[PDB]
$ cat target-v1.txt   # compact mmCIF, C-alpha atoms and all ligand atoms
# COMPACT_ATOMS: atom_id res chain seq x y z
CA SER A 32 27.17 96.16 -20.28
CA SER A 33 24.33 97.29 -18.01
CA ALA A 34 25.00 98.64 -14.53
CA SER A 35 23.20 95.77 -12.77
CA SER A 36 25.16 93.14 -14.71
CA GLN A 37 28.33 95.15 -14.01
CA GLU A 38 27.50 95.05 -10.30
CA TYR A 39 26.77 91.32 -10.36
CA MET A 40 30.17 90.65 -11.95
CA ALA A 41 32.06 92.78 -9.43
CA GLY A 42 30.49 90.79 -6.61
CA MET A 43 31.31 87.52 -8.34
CA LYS A 44 34.95 88.51 -8.93
CA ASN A 45 35.42 89.25 -5.22
CA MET A 46 33.72 85.97 -4.33
CA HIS A 47 35.74 84.04 -6.91
CA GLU A 48 39.12 85.30 -5.66
CA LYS A 49 38.29 84.49 -2.04
CA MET A 50 36.88 81.13 -3.13
CA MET A 51 40.15 80.16 -4.82
CA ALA A 52 42.09 81.12 -1.70
CA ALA A 53 39.79 78.80 0.27
CA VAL A 54 40.38 75.89 -2.12
CA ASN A 55 44.09 76.54 -1.52
CA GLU A 56 43.62 75.61 2.16
CA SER A 57 45.03 72.16 2.90
CA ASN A 58 43.03 71.89 6.13
CA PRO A 59 39.55 70.96 4.85
CA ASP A 60 37.87 72.56 7.85
CA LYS A 61 39.68 75.84 7.20
CA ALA A 62 38.77 75.58 3.52
CA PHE A 63 35.12 75.08 4.47
CA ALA A 64 35.23 78.02 6.88
CA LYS A 65 37.05 80.31 4.43
CA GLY A 66 34.81 79.00 1.64
CA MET A 67 31.51 79.62 3.38
CA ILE A 68 32.51 83.17 4.32
CA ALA A 69 33.23 83.94 0.67
CA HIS A 70 29.92 82.31 -0.18
CA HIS A 71 27.96 84.37 2.34
CA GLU A 72 29.63 87.62 1.28
CA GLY A 73 28.77 86.71 -2.31
CA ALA A 74 25.11 86.17 -1.42
CA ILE A 75 24.93 89.49 0.39
CA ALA A 76 26.46 91.19 -2.66
CA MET A 77 24.04 89.50 -5.07
CA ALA A 78 21.12 90.38 -2.80
CA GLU A 79 22.16 94.03 -2.44
CA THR A 80 22.39 94.28 -6.23
CA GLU A 81 18.97 92.65 -6.61
CA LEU A 82 17.50 95.12 -4.12
CA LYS A 83 19.02 98.00 -6.09
CA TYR A 84 18.13 96.95 -9.65
CA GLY A 85 15.57 94.16 -9.43
CA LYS A 86 11.90 94.82 -10.10
CA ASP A 87 10.15 91.60 -9.06
CA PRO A 88 8.69 91.72 -5.54
CA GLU A 89 9.11 87.98 -4.95
CA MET A 90 12.84 88.11 -5.74
CA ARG A 91 13.28 91.44 -3.93
CA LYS A 92 11.81 90.04 -0.71
CA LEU A 93 13.93 86.88 -1.02
CA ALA A 94 16.99 89.14 -1.32
CA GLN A 95 16.10 90.99 1.90
CA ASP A 96 15.69 87.72 3.81
CA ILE A 97 19.09 86.63 2.52
CA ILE A 98 20.86 89.78 3.75
CA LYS A 99 19.61 89.17 7.30
CA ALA A 100 20.27 85.42 7.28
CA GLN A 101 23.85 85.38 5.97
CA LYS A 102 25.24 87.62 8.75
CA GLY A 103 24.84 85.36 11.78
CA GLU A 104 26.70 82.51 10.09
CA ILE A 105 29.66 84.72 9.14
CA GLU A 106 29.93 85.76 12.80
CA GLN A 107 30.72 82.35 14.34
CA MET A 108 32.90 81.42 11.35
CA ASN A 109 35.26 84.39 11.65
CA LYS A 110 35.85 83.40 15.29
CA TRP A 111 36.67 79.80 14.35
CA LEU A 112 39.31 80.98 11.87
CA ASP A 113 40.72 83.57 14.28
CA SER A 114 41.08 80.96 17.06
CA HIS A 115 42.91 78.38 14.92
CA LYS A 116 45.54 80.44 13.05
CA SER B 32 46.50 68.67 -5.13
CA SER B 33 45.13 67.12 -1.95
CA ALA B 34 41.92 65.14 -2.27
CA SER B 35 39.92 67.62 -0.18
CA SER B 36 41.26 70.66 -2.06
CA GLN B 37 40.51 68.90 -5.34
CA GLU B 38 36.92 68.29 -4.31
CA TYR B 39 36.52 71.90 -3.14
CA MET B 40 37.83 73.10 -6.51
CA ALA B 41 35.37 70.84 -8.36
CA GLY B 42 32.47 72.50 -6.53
CA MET B 43 33.96 75.95 -7.10
CA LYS B 44 34.36 75.18 -10.79
CA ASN B 45 30.66 74.25 -10.87
CA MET B 46 29.51 77.35 -8.98
CA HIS B 47 31.70 79.71 -11.03
CA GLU B 48 30.30 78.57 -14.39
CA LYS B 49 26.68 78.93 -13.30
CA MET B 50 27.51 82.19 -11.53
CA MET B 51 29.04 83.58 -14.70
CA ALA B 52 25.94 82.47 -16.59
CA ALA B 53 23.81 84.27 -14.00
CA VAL B 54 25.83 87.49 -14.31
CA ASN B 55 25.26 87.33 -18.09
CA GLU B 56 21.50 87.62 -17.57
CA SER B 57 20.21 91.00 -18.68
CA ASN B 58 17.15 90.73 -16.44
CA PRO B 59 18.56 91.51 -12.96
CA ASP B 60 15.80 89.48 -11.28
CA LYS B 61 16.63 86.42 -13.38
CA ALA B 62 20.32 86.99 -12.66
CA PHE B 63 19.54 86.98 -8.93
CA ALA B 64 17.46 83.81 -9.19
CA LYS B 65 20.08 81.95 -11.25
CA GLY B 66 22.75 83.42 -8.98
CA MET B 67 21.18 82.16 -5.76
CA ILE B 68 20.56 78.69 -7.19
CA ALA B 69 24.27 78.60 -8.05
CA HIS B 70 25.07 79.77 -4.51
CA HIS B 71 22.87 77.06 -2.95
CA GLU B 72 24.40 74.31 -5.11
CA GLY B 73 27.85 75.68 -4.30
CA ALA B 74 27.18 75.70 -0.56
CA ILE B 75 25.85 72.14 -0.65
CA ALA B 76 28.92 70.96 -2.56
CA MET B 77 31.25 72.63 -0.06
CA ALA B 78 29.30 71.06 2.82
CA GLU B 79 29.24 67.59 1.22
CA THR B 80 33.00 67.94 0.76
CA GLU B 81 33.32 69.08 4.37
CA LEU B 82 31.31 66.08 5.58
CA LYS B 83 33.71 63.74 3.75
CA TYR B 84 37.08 65.22 4.72
CA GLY B 85 36.41 67.50 7.69
CA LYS B 86 37.38 66.48 11.20
CA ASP B 87 36.11 69.42 13.27
CA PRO B 88 32.70 68.64 14.81
CA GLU B 89 31.38 72.24 14.63
CA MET B 90 31.99 72.67 10.90
CA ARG B 91 30.54 69.23 10.14
CA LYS B 92 27.42 70.21 12.08
CA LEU B 93 27.30 73.54 10.24
CA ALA B 94 27.70 71.64 6.97
CA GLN B 95 24.81 69.35 7.88
CA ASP B 96 22.70 72.40 8.74
CA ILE B 97 23.49 73.72 5.26
CA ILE B 98 22.32 70.54 3.50
CA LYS B 99 19.05 70.51 5.47
CA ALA B 100 18.32 74.24 5.31
CA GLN B 101 19.31 74.87 1.67
CA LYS B 102 17.20 72.01 0.27
CA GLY B 103 13.76 73.68 0.23
CA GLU B 104 15.10 77.08 -0.83
CA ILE B 105 16.10 76.11 -4.40
CA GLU B 106 12.50 74.96 -5.01
CA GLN B 107 10.98 78.43 -4.74
CA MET B 108 13.69 79.74 -7.09
CA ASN B 109 13.07 77.24 -9.90
CA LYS B 110 9.34 77.85 -9.51
CA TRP B 111 9.94 81.57 -10.02
CA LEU B 112 12.18 80.95 -13.04
CA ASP B 113 9.93 78.38 -14.70
CA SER B 114 6.96 80.79 -14.61
CA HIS B 115 8.77 83.88 -15.93
CA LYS B 116 10.17 85.30 -19.17
CU CU C 201 31.04 89.58 -16.87
CU CU C 202 38.84 81.36 -11.93
CU CU C 203 42.25 79.40 -8.89
CU CU C 204 33.22 77.36 -2.03
CU CU C 205 42.22 73.79 -8.94
CU CU C 206 36.28 82.82 -14.18
CU CU C 207 33.00 84.75 -17.12
CU CU C 208 26.51 85.29 -7.03
$ encode --input "target-v1.txt" --output "structure tokens"
Amino acid sequence: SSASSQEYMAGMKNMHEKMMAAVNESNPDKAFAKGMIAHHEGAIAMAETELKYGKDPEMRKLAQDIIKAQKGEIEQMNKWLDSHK
Amino acid sequence: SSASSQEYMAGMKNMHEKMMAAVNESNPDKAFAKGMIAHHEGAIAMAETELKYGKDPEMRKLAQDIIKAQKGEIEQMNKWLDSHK
């Protein structure tokens, strides 16, 4: 019922819907690509929520590292999907 | 219904349950920790599935990078969880 828990669930919903679409890919490489994008966007969403509501400095710093790390992997992946269909 | 799609859904099923459990945490820092563990286990399962069915060399290499990189990162999360309440 809290705002942080409400924000975690909204991020999960978005990740879940995109994850199901990825499982619906017959090409396993396209499923992996689609899947990992939804995974990375979910981790950015969890980390942004942790940076907004979390109070532990160890978790807060881990969340910042995650936001930076998950962007470079989405980059190459979007290209692979855009150059295959 | 394909074997690869069925193995992707099995990992998604696993990640979704633990993700929902993480969202149900009232402590937003514990939700983040549980959430990221569920993300790491979900990314490993996708990559293991990609290593078994995938044919593209780039994704398979990306999936191997995931298994190697995401192995040490769960450790620090369980350590944080096991020393907090
Ligand atoms: Cu909920
Ligand atoms: Cu569902
Ligand atoms: Cu579904
Ligand atoms: Cu997935
Ligand atoms: Cu299914
Ligand atoms: Cu559900
Ligand atoms: Cu639920
Ligand atoms: Cu999550």
$ residues_near_ligand --input "target-v1.txt" --ligand "ligand CU 201 (chain C)" --cutoff "7 Å" --atoms "all atoms listed in the file" --output "PDB file with C-alpha atoms, in the coordinates of the input"
ATOM      1  CA  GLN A  37      28.330  95.150 -14.010  1.00  0.00           C
ATOM      2  CA  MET A  40      30.170  90.650 -11.950  1.00  0.00           C
TER       3      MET A  40
ATOM      4  CA  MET B  51      29.040  83.580 -14.700  1.00  0.00           C
ATOM      5  CA  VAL B  54      25.830  87.490 -14.310  1.00  0.00           C
ATOM      6  CA  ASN B  55      25.260  87.330 -18.090  1.00  0.00           C
TER       7      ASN B  55
END
$ atom_distance --input "target-v1.txt" --atom1 "CA of residue 74 (chain B)" --atom2 "CA of residue 86 (chain A)"
26.3 Å
$ closest_atom_pairs --input "target-v1.txt" --of "chain B" --to "ligand CU 205 (chain C)" --cutoff "9 Å" --atoms "only C-alpha atoms and all ligand atoms" --output "Markdown table"
| residue | atom | partner | partner_atom | distance |
| --- | --- | --- | --- | --- |
| B:32 | CA | C:CU205 | CU | 7.7 |
| B:36 | CA | C:CU205 | CU | 7.6 |
| B:37 | CA | C:CU205 | CU | 6.3 |
| B:38 | CA | C:CU205 | CU | 8.9 |
| B:39 | CA | C:CU205 | CU | 8.3 |
| B:40 | CA | C:CU205 | CU | 5.1 |
| B:41 | CA | C:CU205 | CU | 7.5 |
| B:43 | CA | C:CU205 | CU | 8.7 |
| B:44 | CA | C:CU205 | CU | 8.2 |
$ interface_residues --input "target-v1.txt" --of "chain A" --to "chain B" --cutoff "10 Å" --atoms "all atoms listed in the file" --output "VMD selection string"
chain A and resid 32 to 44 46 to 47 50 to 51 53 to 64 66 to 67 70 to 71 73 to 74 77 to 91 93 to 94 97 104 108 111
$ write_last_selection --input "target-v1.txt" --atoms "C-alpha atoms" --output "PDB file, in the frame of the given file"
ATOM      1  CA  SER A  32      27.170  96.160 -20.280  1.00  0.00           C
ATOM      2  CA  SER A  33      24.330  97.290 -18.010  1.00  0.00           C
ATOM      3  CA  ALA A  34      25.000  98.640 -14.530  1.00  0.00           C
ATOM      4  CA  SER A  35      23.200  95.770 -12.770  1.00  0.00           C
ATOM      5  CA  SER A  36      25.160  93.140 -14.710  1.00  0.00           C
ATOM      6  CA  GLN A  37      28.330  95.150 -14.010  1.00  0.00           C
ATOM      7  CA  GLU A  38      27.500  95.050 -10.300  1.00  0.00           C
ATOM      8  CA  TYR A  39      26.770  91.320 -10.360  1.00  0.00           C
ATOM      9  CA  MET A  40      30.170  90.650 -11.950  1.00  0.00           C
ATOM     10  CA  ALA A  41      32.060  92.780  -9.430  1.00  0.00           C
ATOM     11  CA  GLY A  42      30.490  90.790  -6.610  1.00  0.00           C
ATOM     12  CA  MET A  43      31.310  87.520  -8.340  1.00  0.00           C
ATOM     13  CA  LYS A  44      34.950  88.510  -8.930  1.00  0.00           C
ATOM     14  CA  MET A  46      33.720  85.970  -4.330  1.00  0.00           C
ATOM     15  CA  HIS A  47      35.740  84.040  -6.910  1.00  0.00           C
ATOM     16  CA  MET A  50      36.880  81.130  -3.130  1.00  0.00           C
ATOM     17  CA  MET A  51      40.150  80.160  -4.820  1.00  0.00           C
ATOM     18  CA  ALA A  53      39.790  78.800   0.270  1.00  0.00           C
ATOM     19  CA  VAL A  54      40.380  75.890  -2.120  1.00  0.00           C
ATOM     20  CA  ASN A  55      44.090  76.540  -1.520  1.00  0.00           C
ATOM     21  CA  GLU A  56      43.620  75.610   2.160  1.00  0.00           C
ATOM     22  CA  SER A  57      45.030  72.160   2.900  1.00  0.00           C
ATOM     23  CA  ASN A  58      43.030  71.890   6.130  1.00  0.00           C
ATOM     24  CA  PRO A  59      39.550  70.960   4.850  1.00  0.00           C
ATOM     25  CA  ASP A  60      37.870  72.560   7.850  1.00  0.00           C
ATOM     26  CA  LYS A  61      39.680  75.840   7.200  1.00  0.00           C
ATOM     27  CA  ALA A  62      38.770  75.580   3.520  1.00  0.00           C
ATOM     28  CA  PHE A  63      35.120  75.080   4.470  1.00  0.00           C
ATOM     29  CA  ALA A  64      35.230  78.020   6.880  1.00  0.00           C
ATOM     30  CA  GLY A  66      34.810  79.000   1.640  1.00  0.00           C
ATOM     31  CA  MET A  67      31.510  79.620   3.380  1.00  0.00           C
ATOM     32  CA  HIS A  70      29.920  82.310  -0.180  1.00  0.00           C
ATOM     33  CA  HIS A  71      27.960  84.370   2.340  1.00  0.00           C
ATOM     34  CA  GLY A  73      28.770  86.710  -2.310  1.00  0.00           C
ATOM     35  CA  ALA A  74      25.110  86.170  -1.420  1.00  0.00           C
ATOM     36  CA  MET A  77      24.040  89.500  -5.070  1.00  0.00           C
ATOM     37  CA  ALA A  78      21.120  90.380  -2.800  1.00  0.00           C
ATOM     38  CA  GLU A  79      22.160  94.030  -2.440  1.00  0.00           C
ATOM     39  CA  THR A  80      22.390  94.280  -6.230  1.00  0.00           C
ATOM     40  CA  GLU A  81      18.970  92.650  -6.610  1.00  0.00           C
ATOM     41  CA  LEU A  82      17.500  95.120  -4.120  1.00  0.00           C
ATOM     42  CA  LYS A  83      19.020  98.000  -6.090  1.00  0.00           C
ATOM     43  CA  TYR A  84      18.130  96.950  -9.650  1.00  0.00           C
ATOM     44  CA  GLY A  85      15.570  94.160  -9.430  1.00  0.00           C
ATOM     45  CA  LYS A  86      11.900  94.820 -10.100  1.00  0.00           C
ATOM     46  CA  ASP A  87      10.150  91.600  -9.060  1.00  0.00           C
ATOM     47  CA  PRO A  88       8.690  91.720  -5.540  1.00  0.00           C
ATOM     48  CA  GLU A  89       9.110  87.980  -4.950  1.00  0.00           C
ATOM     49  CA  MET A  90      12.840  88.110  -5.740  1.00  0.00           C
ATOM     50  CA  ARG A  91      13.280  91.440  -3.930  1.00  0.00           C
ATOM     51  CA  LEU A  93      13.930  86.880  -1.020  1.00  0.00           C
ATOM     52  CA  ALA A  94      16.990  89.140  -1.320  1.00  0.00           C
ATOM     53  CA  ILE A  97      19.090  86.630   2.520  1.00  0.00           C
ATOM     54  CA  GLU A 104      26.700  82.510  10.090  1.00  0.00           C
ATOM     55  CA  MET A 108      32.900  81.420  11.350  1.00  0.00           C
ATOM     56  CA  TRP A 111      36.670  79.800  14.350  1.00  0.00           C
TER      57      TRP A 111
END
$ closest_residue --input "target-v1.txt" --among "B:116, B:110, B:98, B:45" --to "ligand CU 204 (chain C)" --atoms "all atoms listed in the file"
B:45
$ atom_distance --input "target-v1.txt" --atom1 "CA of residue 52 (chain B)" --atom2 "CA of residue 69 (chain B)"
9.5 Å
$ atom_distance --input "target-v1.txt" --atom1 "CA of residue 101 (chain B)" --atom2 "CA of residue 113 (chain B)"
19.2 Å
$ decode --input "target-v1.txt" --residues "region 62-96 of chain A" --atoms "N, CA, C and O atoms" --output "CSV table (one decimal), in the first residue's frame"
chain,number,residue,atom,x,y,z
A,62,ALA,N,14.3,-14.1,-28.4
A,62,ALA,CA,13.8,-14.2,-27.1
A,62,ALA,C,14.8,-13.7,-26.1
A,62,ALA,O,14.5,-12.9,-25.2
A,63,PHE,N,16.0,-14.1,-26.2
A,63,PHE,CA,17.1,-13.7,-25.3
A,63,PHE,C,17.3,-12.2,-25.4
A,63,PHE,O,17.5,-11.5,-24.4
A,64,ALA,N,17.4,-11.7,-26.6
A,64,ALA,CA,17.6,-10.2,-26.8
A,64,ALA,C,16.4,-9.5,-26.2
A,64,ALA,O,16.6,-8.6,-25.4
A,65,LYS,N,15.2,-9.8,-26.7
A,65,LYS,CA,14.0,-9.2,-26.1
A,65,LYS,C,13.9,-9.4,-24.6
A,65,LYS,O,13.5,-8.4,-23.8
A,66,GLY,N,14.3,-10.6,-24.1
A,66,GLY,CA,14.2,-10.8,-22.7
A,66,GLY,C,15.2,-10.0,-21.9
A,66,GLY,O,14.8,-9.4,-20.8
A,67,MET,N,16.4,-9.9,-22.3
A,67,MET,CA,17.4,-9.2,-21.6
A,67,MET,C,17.2,-7.7,-21.5
A,67,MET,O,17.5,-7.0,-20.5
A,68,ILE,N,16.6,-7.1,-22.6
A,68,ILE,CA,16.1,-5.7,-22.6
A,68,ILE,C,15.1,-5.5,-21.5
A,68,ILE,O,15.2,-4.6,-20.7
A,69,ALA,N,14.1,-6.3,-21.4
A,69,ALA,CA,13.1,-6.2,-20.4
A,69,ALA,C,13.7,-6.4,-19.0
A,69,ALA,O,13.2,-5.8,-18.0
A,70,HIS,N,14.7,-7.2,-18.9
A,70,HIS,CA,15.4,-7.4,-17.6
A,70,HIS,C,16.2,-6.2,-17.2
A,70,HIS,O,16.1,-5.8,-16.1
A,71,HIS,N,16.9,-5.6,-18.2
A,71,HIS,CA,17.7,-4.4,-17.9
A,71,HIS,C,16.8,-3.2,-17.5
A,71,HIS,O,17.1,-2.5,-16.6
A,72,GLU,N,15.7,-3.0,-18.3
A,72,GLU,CA,14.8,-2.0,-18.0
A,72,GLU,C,14.1,-2.2,-16.6
A,72,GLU,O,13.7,-1.2,-15.9
A,73,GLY,N,13.9,-3.5,-16.2
A,73,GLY,CA,13.4,-3.7,-14.9
A,73,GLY,C,14.4,-3.4,-13.8
A,73,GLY,O,14.0,-2.8,-12.8
A,74,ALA,N,15.7,-3.6,-14.0
A,74,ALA,CA,16.7,-3.3,-13.0
A,74,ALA,C,16.9,-1.8,-12.9
A,74,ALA,O,17.1,-1.4,-11.8
A,75,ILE,N,16.8,-1.1,-14.0
A,75,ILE,CA,16.9,0.3,-13.9
A,75,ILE,C,15.7,0.9,-13.1
A,75,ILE,O,15.8,1.8,-12.2
A,76,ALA,N,14.5,0.3,-13.3
A,76,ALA,CA,13.3,0.8,-12.6
A,76,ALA,C,13.4,0.4,-11.1
A,76,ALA,O,13.1,1.3,-10.3
A,77,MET,N,13.8,-0.8,-10.8
A,77,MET,CA,14.0,-1.1,-9.4
A,77,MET,C,15.0,-0.2,-8.7
A,77,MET,O,14.8,0.2,-7.6
A,78,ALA,N,16.1,0.1,-9.4
A,78,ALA,CA,17.2,0.9,-8.9
A,78,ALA,C,16.8,2.3,-8.7
A,78,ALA,O,17.1,3.0,-7.7
A,79,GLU,N,16.0,2.9,-9.7
A,79,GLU,CA,15.5,4.2,-9.5
A,79,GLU,C,14.6,4.3,-8.3
A,79,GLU,O,14.6,5.3,-7.5
A,80,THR,N,13.7,3.3,-8.1
A,80,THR,CA,12.9,3.3,-6.9
A,80,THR,C,13.7,3.2,-5.6
A,80,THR,O,13.3,3.8,-4.6
A,81,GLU,N,14.7,2.4,-5.6
A,81,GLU,CA,15.6,2.2,-4.4
A,81,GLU,C,16.3,3.5,-4.1
A,81,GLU,O,16.4,3.9,-3.0
A,82,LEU,N,16.7,4.3,-5.2
A,82,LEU,CA,17.3,5.6,-4.9
A,82,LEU,C,16.3,6.6,-4.4
A,82,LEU,O,16.8,7.6,-3.8
A,83,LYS,N,15.1,6.4,-4.7
A,83,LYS,CA,14.1,7.4,-4.3
A,83,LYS,C,13.6,7.1,-2.9
A,83,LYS,O,13.3,8.0,-2.1
A,84,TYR,N,13.4,5.8,-2.5
A,84,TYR,CA,12.8,5.5,-1.2
A,84,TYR,C,13.7,4.8,-0.3
A,84,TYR,O,13.5,4.8,0.9
A,85,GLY,N,14.8,4.2,-0.8
A,85,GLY,CA,15.6,3.4,0.1
A,85,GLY,C,16.5,4.3,1.0
A,85,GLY,O,16.8,5.4,0.7
A,86,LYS,N,16.8,3.7,2.2
A,86,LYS,CA,17.6,4.5,3.2
A,86,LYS,C,18.9,3.8,3.5
A,86,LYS,O,19.6,4.4,4.4
A,87,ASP,N,19.2,2.7,3.0
A,87,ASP,CA,20.5,2.1,3.3
A,87,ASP,C,21.6,2.5,2.3
A,87,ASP,O,21.4,2.2,1.1
A,88,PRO,N,22.7,3.0,2.8
A,88,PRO,CA,23.7,3.5,1.8
A,88,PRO,C,24.4,2.4,1.0
A,88,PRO,O,24.8,2.6,-0.1
A,89,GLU,N,24.5,1.2,1.5
A,89,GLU,CA,25.1,0.1,0.8
A,89,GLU,C,24.1,-0.3,-0.4
A,89,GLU,O,24.6,-0.4,-1.6
A,90,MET,N,22.8,-0.4,-0.2
A,90,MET,CA,21.9,-0.7,-1.3
A,90,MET,C,21.8,0.5,-2.2
A,90,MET,O,21.7,0.3,-3.4
A,91,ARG,N,21.7,1.7,-1.7
A,91,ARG,CA,21.6,2.9,-2.5
A,91,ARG,C,22.8,3.0,-3.5
A,91,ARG,O,22.6,3.4,-4.7
A,92,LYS,N,24.0,2.7,-3.0
A,92,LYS,CA,25.2,2.8,-3.9
A,92,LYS,C,25.1,1.7,-5.0
A,92,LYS,O,25.4,1.9,-6.1
A,93,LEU,N,24.7,0.5,-4.6
A,93,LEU,CA,24.5,-0.6,-5.5
A,93,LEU,C,23.5,-0.2,-6.6
A,93,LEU,O,23.7,-0.6,-7.8
A,94,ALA,N,22.5,0.5,-6.2
A,94,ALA,CA,21.5,0.9,-7.2
A,94,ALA,C,22.0,1.9,-8.2
A,94,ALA,O,21.7,1.8,-9.4
A,95,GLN,N,22.9,2.8,-7.8
A,95,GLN,CA,23.5,3.7,-8.7
A,95,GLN,C,24.4,3.0,-9.7
A,95,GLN,O,24.4,3.3,-10.9
A,96,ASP,N,25.2,2.1,-9.2
A,96,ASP,CA,26.1,1.3,-10.1
A,96,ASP,C,25.3,0.6,-11.1
A,96,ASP,O,25.6,0.5,-12.3
